[PDB]
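Trainee: After the structure tokens below, expect a handful of questions from me.
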Ligand SMILES: Cc1ccccc1-n1c(Cn2cnc3c(N)ncnc32)nc2cccc(C)c2c1=O
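What follows is the structure, encoded as structure tokens:
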């Protein structure tokens, strides 16, 4: 059985576990055994949870960041139901009390013994929360749909739980010998080497002598650094670049000077080099796995004496306010001078003090660290800044994790993408962040779900495959059941890839109806019907994908030929009707980031009572240029609508009326007012989001509208002004906001108010977007490469201004945009 699990994991993670063994690496081995131990103890804890705690683990509450309403309620084992009237103020308990008295009366004759499932979804209502605090009940209001709920007993919940069972002495200057290498080029070769602590060099870089491109190179040269060996901090990182010169970069390679066991490295090392984009401090500290083809540099670390980094107990043994809200040297001197005053009176300015300490002097690092061990815990926002590559010391990293533990699950979920990216920064396999992520994943199935997929989606990238593979393995040890749920998802995705490939080939040799009918026959094979049906959605594990509806599946006969895959569920009713888009050929990372940031804006806006009626649909990279997009049904593109086709109800005298006619046709009579407002609200949201993010190239083809009037955006390709993008007001949208009229300053200025409110709210969390984007630099995204991209966000949110000035500025941008509209 242990054999079966091992092969299932291998298949799941896309890496054979045998590959871990073959490395004969003590660090990997230690990583695997400790992290197995921890994950198994988590599983143990879980299988004895109380039933409400179980639900909390498996179906975490979906909450929003008097009024009468109707709700249909039924019981698990019978199709008879009752439509109640309740208040949006009532708790689930009262609703459950109603349903039980109703059951008692029909059957002719304890609320606490139950939870309420949302029909056909893995979503549950429970706890002391008025129904409208639940996303599901609150959402049902706006659509006007009747909530459909199922009473589920504690014995039924516990059956689910049950079924899911499993030193200071050395003063001589640092030096290495560069022995030789084995590369390819056109000219002389040179090797540049530097020691770094984060972004900052600990001393000047040092270089080789020029040697001809012929070789198989041989250097035999000693490179000595302007830094004392006793001054090397724990996280010292030695960085190499190899290049050609008459500047023609070839390869790079980094290593920690200390290994994972606190020992200073000696003696000889062969460095399998990564092919180039000169010095790459942020690049991984492990060698290129393609040892067959990679360039390799052999160096010698000198046996300075075993010398371990000194322990904490030995470490522990050893005018201002103005600037404190980039700094000159004297200014730096004052911050350091007043470090105690920083701890006592400005604890949230920790990062700035860290950025002034001389990490290249051990006495000073000791002074800094001594204060850090007594330092008060910081707000979440501050902890996120401290995960930046600028702060590699694992005492700081420990400190940061420590302050990060107060993240709610919802917040953790919100920042998860970024935290995963920071793993790529890690100096060693076993690290606090990994342990933290795994623990939270093991405690929350939703967290566990997305952590899995964030890692899986990168297994094709050699610099991270080892790390991410080891983490996924450990997770699987902690949940055998969830592993099988995820295999089912990976099996569906393998089949979608094969189906997409077929469609791509077929569509070149034949017409769209011809390929569609062929697609359907492919899908109706037993192997496909089975693999594609009865799974949890990768986009949202609480959405169940029941029977694939073949007749409604199709593809876009253009570009990457993405697939449109529909599902239905009797048990979920109208809510069981959901679709996914499978796409293979495009990097989906940028789309996901963009959509998560828009979703963040919506959260922050809602936290201040502003609902801009946004459409935060799922987008999830799953593999090499592969992932899923959540279908928003009942929506069309502006371009399609603007095609202004005759023989329809939207057909107009003038093209500018097309969009309003379509809205009218979807929202008869009294419904029209509301659709126009939904349009106005979402328009303001998306106009502010795309402006703040620098998302240009917006046109009728990549904007959609729902039949409610909610506007939204698709196919994000370019952000942060990678084509300074102006604020955009489109005539046709302005035309709808103004209810069809040539002038309607009342409606248009209400619309301006929305934009201004949305914009000023985002400014107040300006720092949150900055720390998040900063962490994202670890992704490798080409439009998120350097300072210039971060700076885009500063200029968009006008952070260095008072709210008064920034608003003034935003207004000219807005006014300039109304001018551009005809
Ligand atoms: C639904 C639609 C209307 C007008 C123009 C394009 C599309 N559309 C779209 C537009 N679109 C992009 N993201 C969307 C999304 N998340 N929900 C609904 N439509 C979306 N996407 C497709 C993806 C795969 C396969 C197909 C056939 C489509 C597709 O037809």
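In UniProt numbering, the protein residues as written are 109 to 173, 187 to 230, 235 to 291, 316 to 335, 339 to 398, 415 to 445, 452 to 479, 482 to 494, 511 to 517, 522 to 919, 929 to 1027.
Note that CB positions come from ideal geometry on N, CA and C, so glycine has one too.
Can you tell me where the beta strand (DSSP E) with residue 900 in it begins and where it stops?
Mentor: Your numbering for residue 900 matches position 704 in the chain shown. Segment 899-902, the beta strand (DSSP E) holding residue 900.
Trainee: With respect to 7 Å, is the separation between the Cβ of residue 831 and the closest non-hydrogen atom of ligand 1 below this value?
Mentor: Position 635 of the chain shown holds residue 831. It does: the Cβ of residue 831 is within 7 Å (strictly closer) of some heavy atom of ligand 1.
Trainee: Are the CB atoms of residue 190 and residue 160 nearer to each other than 8 Å?
Mentor: For the purposes of this step, residue 190 is taken as the residue at position 69 of the chain shown. For the purposes of this step, residue 160 is taken as the residue at position 52 of the chain shown. In this structure, residue 160 does not lie closer than 8 Å to residue 190 by Cβ.
Trainee: With C-beta atoms as the reference, is residue 794 less than 8 Å away from residue 812?
Mentor: For this step, residue 794 is matched to residue 598 along the chain shown. For this step, residue 812 is matched to residue 616 along the chain shown. It is a contact, given that the beta carbons lie within the stated cut-off.
Trainee: Considering only the beta carbon of each residue, do residue 445 and residue 339 sit closer than 8 Å?
Mentor: By 1-based counting over the chain shown, the position of residue 445 is 277. By 1-based counting over the chain shown, the position of residue 339 is 187. Against a cut-off of 8 Å, the Cβ pair of residue 339 and residue 445 comes out as no contact.
Trainee: For residue 146, which option in 583, 634, 737 and 204 has the closest C-alpha, if you only look at C-alpha atoms?
Mentor: In the chain shown, the residue the question calls residue 146 occupies position 38. Nearest C-alpha to residue 146: 634.
Trainee: Just to confirm my understanding: we take residue 279, look at its own chain, exclude 5 residues before and 5 after, and list those with CB closer than 6 Å. What are they?
Mentor: Counted from its first residue, the chain shown places residue 279 at position 154. 159 and 238.
Trainee: Using the beta-carbon count (16 or more within 10 Å), is residue 225 buried or exposed?
Mentor: Numbered from 1 along the chain shown, position 104 holds the residue referred to as residue 225. By the 10 Å Cβ count, residue 225 comes out exposed.
Trainee: Tell me which same chain residues have a C-beta within less than 7 Å of the C-beta of residue 212, skipping the five on either side of it?
Mentor: Residue numbering aside, residue 212 sits at position 91 when the chain shown is read from its first letter. Only 253, 254 and 255 meet the Cβ criterion.
Trainee: Could you check which residue in 587, 590 and 583 has the C-alpha nearest to that of residue 616?
Mentor: As a working mapping, residue 616 is identified with position 420 in the chain shown. Closest by alpha carbon: 583.
Trainee: Name, in chain order, the residues that DSSP records as bridge partners for residue 422.
Mentor: Here residue 422 refers to the residue found at position 254 of the chain shown. In DSSP, residue 422 forms a bridge with 391.
Trainee: Do three or more CB pairs link the stretch 963-970 to the stretch 996-1014 at distances below 8 Å?
Mentor: Cβ pair count under 8 Å is three or more, so yes.
Trainee: May I ask which residues mark the beginning and end of the beta strand (DSSP E) holding residue 780?
Mentor: Residue 780 sits at position 584 when you count from the first residue of the chain shown. 774-780 is the extent of the beta strand (DSSP E) around residue 780.
Trainee: By DSSP's criteria, residue 286 is part of a beta bridge. Which residues make up the other side?
Mentor: The residue labelled residue 286 in the question sits at position 161 within the chain shown. Paired residues: none, contrary to the question.
Trainee: If you draw a straight line from the alpha carbon of residue 1002 to that of residue 871, how long is it in whole angstroms?
Mentor: Stepping through the chain shown from its first residue, residue 1002 is reached at position 797. Stepping through the chain shown from its first residue, residue 871 is reached at position 675. Approximately 30 Å, taken between the alpha carbons.
Trainee: Check residue 696 in the structure and name its three-state DSSP category.
Mentor: As a position in the chain shown, residue 696 is number 500, starting the count at 1. The answer is helix: DSSP assigns residue 696 an H, G or I state.
Trainee: When the Cβ atoms of the stretch 624-644 are set against those of the stretch 131-138, are three or more pairs found closer than 8 Å?
Mentor: With a cut-off of 8 Å, the stretch 131-138 and the stretch 624-644 count as touching, because enough Cβ pairs lie within range.
Trainee: Find the nearest neighbour of residue 458 within the set 483, 113, 424 and 432, judged by alpha-carbon distance.
Mentor: Position 284 of the chain shown holds residue 458. Of the listed residues, the one whose Cα sits closest to residue 458 is 424.
Trainee: From the DSSP secondary-structure annotation, give me the bridge partner or partners of residue 239.
Mentor: Stepping through the chain shown from its first residue, residue 239 is reached at position 114. Paired residues: 278.
Trainee: Can you tell me whether residue 117 is helix, strand or coil according to DSSP?
Mentor: Position 9 of the chain shown, counted from the start, is the residue given in the question as residue 117. Here residue 117 sits in helix by DSSP.
Trainee: What separation, rounded to the nearest whole angstrom, lies between the Cα atoms of residue 553 and residue 560?
Mentor: If you number the chain shown from 1, residue 553 lands on position 357. If you number the chain shown from 1, residue 560 lands on position 364. Each residue's alpha carbon lies about 7 Å from the other.
Trainee: Counting Cβ pairs closer than 8 Å, one from the stretch 840-860 and one from the stretch 878-888, do we hit at least three?
Mentor: Segments in contact, no.
Trainee: Please confirm if the stretch 796-809 is in contact with the stretch 765-784, defined as three or more CB-CB distances below 8 Å between the two stretches.
Mentor: At 8 Å Cβ cutoff, the stretches do not touch.
Trainee: Please state whether DSSP places residue 513 in a helix, a strand or coil.
Mentor: Sequence index remark: in the chain shown, residue 513 carries index 321 (1-based). Three-state DSSP puts residue 513 in coil, outside helix and strand.
Trainee: Report yes if the CB atom of residue 776 is closer than 8 Å to the CB atom of residue 733, and no otherwise.
Mentor: Within the chain shown, residue 776 is the residue found at index 580, counting from 1. Within the chain shown, residue 733 is the residue found at index 537, counting from 1. The answer is yes: Cβ separation under 8 Å.
Trainee: Helix or strand or just coil, what does DSSP make of residue 349?
Mentor: Here residue 349 is taken as the residue at index 197 of the chain shown, counted from 1. Looking at residue 349 - three-state DSSP - the assignment turns out to be strand.
Trainee: Count the CB pairs spanning the stretch 565-585 and the stretch 602-612 that are closer than 8 Å, and state whether there are at least three.
Mentor: The stretch 565-585 is in contact with the stretch 602-612.
Trainee: Nearer than 7 Å: is that true of the beta carbon of residue 752 relative to any heavy atom of ligand 1?
Mentor: On the chain shown, position 556 is the one that residue 752 refers to. Checking the Cβ of residue 752 against ligand 1 gives yes.
Trainee: Would you say the beta carbon of residue 760 comes nearer than 7 Å to a heavy atom of ligand 1?
Mentor: Position 564 of the chain shown holds residue 760. Yes, the beta carbon of residue 760 sits closer than 7 Å to at least one heavy atom of ligand 1.
Trainee: With H, G and I counted as helix, E and B as strand and the rest as coil, what does DSSP make of residue 524?
Mentor: Your numbering for residue 524 matches position 328 in the chain shown. Reduced to three states, the DSSP call for residue 524 is coil.
Trainee: If residue 267 and residue 244 are in contact, beta carbons under 8 Å, what's the gap, nearest whole angstrom?
Mentor: As a working note, residue 267 is residue 142 in the chain shown. As a working note, residue 244 is residue 119 in the chain shown. Contact doesn't hold; Cβ gap of about 18 Å is too wide.
Trainee: Are the CB atoms of residue 271 and residue 192 nearer to each other than 8 Å?
Mentor: Reading the chain shown from its first residue, position 146 is the one you call residue 271. Reading the chain shown from its first residue, position 71 is the one you call residue 192. Contact flag set, yes.
Trainee: Output the distance between the C-alpha atoms of residue 527 and residue 536, rounded to the nearest integer angstrom.
Mentor: Working through the chain shown from its first residue, we reach residue 527 at position 331. Working through the chain shown from its first residue, we reach residue 536 at position 340. Spanning the two alpha carbons is a distance of roughly 16 Å.
Trainee: Whole angstroms is fine: what's the gap from residue 846's alpha carbon to residue 894's?
Mentor: Taking the first residue of the chain shown as 1, we reach residue 846 at position 650. Taking the first residue of the chain shown as 1, we reach residue 894 at position 698. Going by the C-alpha atoms only, they are around 23 Å apart.
Trainee: Residue 439 and residue 470: beta carbons closer than 8 Å?
Mentor: To locate residue 439, count along the chain shown from 1; it is residue 271. To locate residue 470, count along the chain shown from 1; it is residue 296. Against a cut-off of 8 Å, the Cβ pair of residue 470 and residue 439 comes out as a contact.
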